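Let's start with one chain on its own, the form deposited in one PDB entry, as structure tokens.
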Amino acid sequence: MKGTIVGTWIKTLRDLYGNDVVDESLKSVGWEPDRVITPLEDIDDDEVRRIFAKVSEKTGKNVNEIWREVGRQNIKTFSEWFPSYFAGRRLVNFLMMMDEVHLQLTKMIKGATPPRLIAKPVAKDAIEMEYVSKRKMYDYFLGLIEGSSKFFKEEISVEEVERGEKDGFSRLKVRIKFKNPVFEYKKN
């Protein structure tokens, strides 16, 4: 996982659960007191998994619940640490940009396997977004969408279309419907 993104999770975990939980959890995987992660650094996925496992053990919360709350709260962290991706954008623009953003931010990681997040308009007031990744981080994905709606103050409904796993890739396709129309028909 891209290191500075793991950085946002650590910060979001402190917001949710406190510095003691997080400090103890980072201690258990040997992290310096207290490390600053560089933009080129990759952090091993299994190290992330062990950090979150320690948070689960100390808080008593299931790891999937933690990932969901982290996704919900990490949009705010992103707005602080990566503010250029926000900057007056509308929610639908933000969501439809995510696939390209994740390709850009992992371009110079070796064996980079960013999630794919392709969104396509399906109605004047709706997009379909399909998560595709070997990591199967459904709760984080769904939590980011919910946090995105709160942050942009645009009400959405999220309905699952389908999910699957083939050849190690997990897929989750959701239909995001906006209360207000966000698209118009134009001649192709």
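Counting begins at 1, following the sequence as shown. Note that the rigid core is defined as the largest set of C-alphas that superpose within 1.5 Å between two forms.
FYI, the form deposited in another entry isn't displayed, but the following is about it.
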| Cα displacement of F178 between the shown form and the other one reaching 2 Å, rigid core superposed | no
| message | Using the rigid core as the reference frame, would you say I37 shifts its C-alpha by 2 Å or more between the shown form and the other one? | response | yes
| field | Shift in CA distance, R35 and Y85, in the other entry relative to the form shown here, given it is 3 Å or more | value | farther
| field | Direction of C-alpha distance change in the other entry, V22 to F82 (at least 3 Å) | value | farther
